[PDB]
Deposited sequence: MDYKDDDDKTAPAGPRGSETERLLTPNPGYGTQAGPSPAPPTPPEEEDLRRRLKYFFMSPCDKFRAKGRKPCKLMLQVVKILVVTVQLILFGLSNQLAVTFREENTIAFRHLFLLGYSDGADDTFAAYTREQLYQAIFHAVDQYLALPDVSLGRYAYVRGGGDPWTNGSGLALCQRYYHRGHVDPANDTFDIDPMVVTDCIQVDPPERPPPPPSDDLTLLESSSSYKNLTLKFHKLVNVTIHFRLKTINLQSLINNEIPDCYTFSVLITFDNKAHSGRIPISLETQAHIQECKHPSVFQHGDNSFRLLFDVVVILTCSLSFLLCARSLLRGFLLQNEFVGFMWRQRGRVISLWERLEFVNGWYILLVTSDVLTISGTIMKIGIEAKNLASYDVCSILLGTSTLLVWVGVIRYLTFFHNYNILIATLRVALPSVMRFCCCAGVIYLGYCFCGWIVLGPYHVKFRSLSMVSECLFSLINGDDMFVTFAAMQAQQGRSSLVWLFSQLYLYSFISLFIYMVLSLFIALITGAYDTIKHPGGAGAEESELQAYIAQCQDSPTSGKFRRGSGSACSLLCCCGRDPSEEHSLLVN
């Protein structure tokens, strides 16, 4: 038909395979670009993580590595000591810190003019809580009292906390640093502004106030730079864009020809989905994703985008798609095409059995959540329950799940017995039946392919 023919068969009675060469070049350039981008991102992420760890060690009183989710205050003296230690360490940073930092001094909403640190309470507008008469009268609206501290170059120790009506206490300040680590990977050093927020959280009003530290980095270009002796990335990005544009044009032209031929055939006869060649759909999709991600990456490197997650997702999805596309060349042979056809034949029944098993799985997920949420730390949220069950049907973390309920045998024996029955039934049903049926489906598809 000279259409739908295989490529080796076009070559026998036609032109050269000049469009299959373009695709492998696209795979090469996309992979190289992704690798380079990932290396640079690794460097930046390591810098930010190390700076945040140093900030925690400098500003959190009595902080040790690994005590992040449990780190909390339990007495009023503890809270006062933590707050004052954080402020004093802010005031002594140029003399005690191993890094080099600069003060920012306002220019924003939380901080007034000439103010570098903001110590602010947040409490209810009116709170009259007494448990002796079992009475209360609360106006929920949150009032903020902010204390401003000028960086060194007074009344922050006069702070009086409204403990019974407190919502949270927060400390806000920024630090300016220069990334000198970026020099090893060529490059010109960047200027980082770390926005540090320390939260003393009392929303639960349970007598336990967790303490956490978070940072938000804003990267700029340092004015007046000099490295005494110091385009490739931009040129490679435009090379990727040009190759992707050519691939998109060729695939679109091929799809248009296919649609025109389908229309001619349907006119002749006076199954339309068999004229589509979804490999080209995949190529076009990865093509658009690559182009969008490359523009976003160029902006990020030009320092005016700072949207790393979307660009990373776009480029990663495009790379995954272009690597999936080698199956197209693997089907051009026979001994690989038999396996690929086996998978293609097996897929629909696999999805249908996934529907049934997943309905049962959702039932088990809801039951496990509602029953073992109060007791099992692995069953707190619905997504956590789903992850636990999914890892449990694959033979992972089973004994810890059983032991976390053994640690309750003293408490409700009804709950312990229900947990035993639930876990045993679910694991047996999904290991001995569902996975075995998946294996049987694949084996049957392979048998039909061979026969």
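Numbering the deposited sequence from 1, one finds several regions with no C-alpha coordinates, namely 1 to 54, 208 to 223, 301 to 303, 344 to 353, 535 to 588.
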